[PDB]
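Q: Please see the structure below; I have some questions.
Every read-out reported here was derived from the displayed coordinates using simple, explicitly stated rules and does not represent laboratory data. Positions of Cβ are generated from backbone atoms using ideal geometry, with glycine treated the same way; all protein chains shown enter the neighbour counts.
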Amino acid sequence: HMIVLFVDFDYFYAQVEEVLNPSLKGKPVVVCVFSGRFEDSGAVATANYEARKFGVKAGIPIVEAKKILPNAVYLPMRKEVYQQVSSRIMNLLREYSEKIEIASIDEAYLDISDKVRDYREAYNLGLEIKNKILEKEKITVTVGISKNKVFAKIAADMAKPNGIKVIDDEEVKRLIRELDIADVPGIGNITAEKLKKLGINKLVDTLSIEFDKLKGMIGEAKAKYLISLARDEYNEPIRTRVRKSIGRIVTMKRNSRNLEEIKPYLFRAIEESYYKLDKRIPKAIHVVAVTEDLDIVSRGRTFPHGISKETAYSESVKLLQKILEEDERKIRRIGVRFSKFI
DNA sequence: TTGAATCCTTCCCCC
DNA sequence: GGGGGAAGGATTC
Ligand SMILES: Nc1ncnc2c1ncn2[C@H]1C[C@H](O)[C@@H](COP(=O)(O)OP(=O)(O)OP(=O)(O)O)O1
Ligand SMILES: *[C@@H]1O[C@@H]2Oc3cc(OC)c4c5c(c(=O)oc4c3[C@@H]2[C@H]1O)C(=O)CC5
Ligand SMILES: [Ca+2]
Ligand SMILES: [Ca+2]
Ligand SMILES: [Ca+2]
């Protein structure tokens, strides 16, 4: 059948910052995103392994991080820079197979199904690829390999960082039963829970309960997806993918409800969203408001034509008003999202 | 306590 | 009964 090759750049942002300034290597680096809310307000985009060893990881606020390693190198996030370093590594990959996916800013699956006869040769192509990526861009990555996407990724998760691992059918059969279901791609702790108090603690357990029970607890989708992984029938193609929407949000200095106070933030958001749009014309626009208590509320509108920057501002203001109206909390975060491209 | 981008489920129109 | 689609909330990486 087929063999999937998953490539995953190690502690990426942090690493890219290390590449752009080698003096950093071997020292704990925490790449964070600072919100003008107050000094050191914000969170950790991510951190390299030195820093991570001690708990400073992605998601923890910057203040807690400095309390753990008050002496680590803290750098602001430079997405653009990372975006270009990624694009570069992404191309090198295309050279190994035109069947590439690119799931995120540091992930990509490759159907080397043809370019390889056996796993032995896959493992080889893995090193070939790790090495060529290390030579051209100075970036270390983990590579996973198996019969399908989901497993090619799991193989990687197991081998981080700067690793390479092949999961053969026997490794799969073993995993379908001994692999914790919370560690399966697509299962956030939210679904990991509903599955926990349902008896499904292992990828296999999904076979025991009747289907229409799962469909109601976690949804027809996740239901069928899980079942196939368990009966070893899962086999999704490595399809190239196109961005289906762009957007931008911004935290405000103070939380408020004053339309006029929020407007400037909204527009700042819209303005950047267009730059990103580049040459794309969106037919749908949505305004997203993160309430003072971190709950998300969004209103939107789809037009039968493209959205001009001018109209964009206009329709955005209405949609925010509609939010303040329909809600009551103070707005903490505001922004826009443009979808349904022409 | 920082974004971004893609699903899950109502719901309204109408053959 | 169900094709076709827009809205807002849910969930994941
Ligand atoms: N919780 C988060 N908050 C903000 N940015 C995040 C978060 N998680 C991930 N990111 C961004 C920062 C990273 O550079 C990139 C994600 O990297 P991730 O691929 O999942 O693994 P990584 O290789 O950088 O980490 P790892 O140390 O596990 O290998 O996406
Ligand atoms: C939205 O607001 C916060 O910003 C981010 C950014 C992430 O990745 C770039 C992110 C991830 C995860 C998560 O639970 O939260 C975030 C958040 C916060 C969200 O609440 C993951 O599991 C992977 C990335
Ligand atoms: Ca990674
Ligand atoms: Ca990744
Ligand atoms: Ca998980």
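Q: Between segment A:226-302 and segment A:203-224, what is the separation of their alpha carbon centroids in Å?
A: Between the Cα centres of segment A:226-302 and segment A:203-224 lies a distance of 30 Å.
Q: Using the Karplus curve 6.51 cos²θ - 1.76 cosθ + 1.60 with θ = phi - 60°, work out ³J(HN,Hα) for each residue of segment A:27-44 in order, rounded to whole Hz, and write x for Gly and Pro.
A: Here the 3J(HN,Hα) series is 10, x, 10, 10, 8, 10, 10, 8, 9, x, 3, 4, 5, 6, 5, x, 9, 8 Hz.
Q: Using 0.36 nm per residue, how much length does the chain from residue A:232 to residue A:244 gain when fully extended, once their Cα-Cα distance is taken away? Let's see the in-between values first.
A: Numbers: separation 12, 0.36 × 12 = 4.32 nm, distance 3.02 nm.
Gain on stretching residue A:232 to residue A:244: 1.3 nm.
Q: Suppose every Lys and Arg Cβ carries +1 and every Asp and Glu Cβ carries -1, with no other charges. What dipole size does segment A:73-124 come out with about its Cα centre, to the nearest 20 debye?
A: Using only the charged Cβ atoms, the result is roughly 200 debye.
Q: Given contacts defined as C-alpha pairs under 8 Å and at least six residues apart, what's the relative contact order of chain A, whole-number percent?
A: Once normalised by length, the contact order is 15 percent.
Q: Taking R0 as 56 Å, what FRET efficiency do you get between residue A:174 and residue A:267 from their Cβ-Cβ distance, rounded to the nearest 0.05?
A: Plugging the Cβ-Cβ distance into 1/(1 + (r/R0)^6) gives 0.55.
Q: To continue, here is another question. So what's the back-of-envelope 222 nm ellipticity for chain A, counting only DSSP H runs of four-plus at -39500 (n - 2.57) apiece and dividing by all residues, rounded to 500?
A: Counting only the DSSP helices, I get -12500 deg cm²/dmol.
Q: If you don't mind, another one. Using Cα atoms only, what is the angle between the long axis of helix A:220-231 and the major principal axis of chain A, expressed in degrees (0 to 90) to the nearest 10?
A: 20 degrees
Q: A follow-up question, please. Looking at segment A:1-106, which chymotrypsin sites (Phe, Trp or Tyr not before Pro) are in a loop (DSSP not H, G, I, E or B) and have at most 11 other Cβ atoms within 10 Å?
A: A:38
Q: Only loop residues by DSSP count here, and only those with at most 11 other Cβ atoms within 10 Å; note down the trypsin sites (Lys or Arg not before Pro) in segment A:53-142 that meet that. Don't skip to the answer; put the middle values down first.
A: Working: sites: A:53, A:57, A:66, A:67, A:78, A:79, A:88, A:94, A:99, A:115, A:117, A:120, A:130, A:132, A:136, A:138; in loops: A:57, A:78, A:99, A:115, A:117, A:138.
When the trypsin sites (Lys or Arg not before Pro) of segment A:53-142 are filtered for loop state and at most 11 Cβ neighbours within 10 Å, A:117 remain.
Q: Can you pull the one-decimal nm distance between simple spin-label points at residue A:296 and residue A:92, each 7 Å off the Cα toward Cβ?
A: Result: 3.3 nm between the two label points.
Q: Let me ask another. Farthest toward the dipole's positive end in segment A:245-337, which of A:314, A:265, A:275, given Cβ charges of +1 (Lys, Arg) and -1 (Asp, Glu) about the Cα centre?
A: Toward the positive end, the furthest listed residue is A:275.
Q: Hey, what did segment A:12-78 get for relative contact order, percent, Cα under 8 Å, at least 6 apart?
A: On the way: 118 pairs, mean separation 22.9, N = 67.
Rounded, it is 34 percent for segment A:12-78.
Q: Projected onto the charge dipole of chain A (+1 at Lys/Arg Cβ, -1 at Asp/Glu Cβ, origin at the Cα centre), which of A:229, A:116, A:240 gives the Cα projection farthest towards the positive end?
A: Comparing the listed Cα positions along the dipole, A:240 ranks first.
Q: Find me the longest stretch of chain A that has none of the exposed GluC sites (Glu not before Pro), where exposed means in a DSSP loop (not H, G, I, E or B) with at most 15 other Cβ atoms within 10 Å.
A: Counting at most 15 other Cβ atoms within 10 Å as exposed, the longest clean stretch of chain A is A:99-209.
Q: Using Cα-Cα distances under 8 Å and only pairs 6 or more residues apart, what relative contact order does segment A:202-342 have, in percent?
A: Working: 209 pairs, mean separation 45.0, N = 141.
Reported as a whole number, the value is 32 percent.
Q: If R0 is 22 Å, what FRET efficiency do you get for residue A:136 and residue A:21 from their C-beta distance, rounded to 0.05?
A: 0.75
Q: Evaluate E = 1/(1 + (r/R0)^6) for residue A:314 and residue A:220, where r is the Cβ-Cβ distance and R0 equals 30 Å; express this FRET efficiency to the nearest 0.05.
A: 0.20
Q: Here are some pairs, A:99/A:136; A:99/A:165; A:25/A:147; A:115/A:173; A:66/A:196; A:224/A:244; which of them have Cα atoms lying more than 27 Å apart in this structure?
A: A:25/A:147; A:66/A:196
Q: Moving on to the next point. Once phi is turned into ³J(HN,Hα) by the Karplus curve 6.51 cos²θ - 1.76 cosθ + 1.60 with θ = phi - 60°, what whole-Hz value does each residue of segment A:194-201 show in order, with x for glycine and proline?
A: The phi angles translate into 4, 6, 5, 8, 9, x, 7, 10 Hz.
Q: Also, I was wondering about something else. For chain A, with the dipole built from +1 on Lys and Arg beta-carbon atoms and -1 on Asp and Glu ones, taken about the Cα centre, which of A:155, A:103, A:335 lies farthest toward the positive end?
A: The residue sitting farthest along the positive end of the dipole is A:335.
Q: Charges at C-beta only: +1 for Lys and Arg, -1 for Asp and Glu. How large is the resulting dipole of chain A about its Cα centre, in Debye rounded to 20? Before the final figure, lay out each step's value.
A: Details: 62 positive and 51 negative charges, 170 e Å.
The calculated dipole for chain A is roughly 820 debye.
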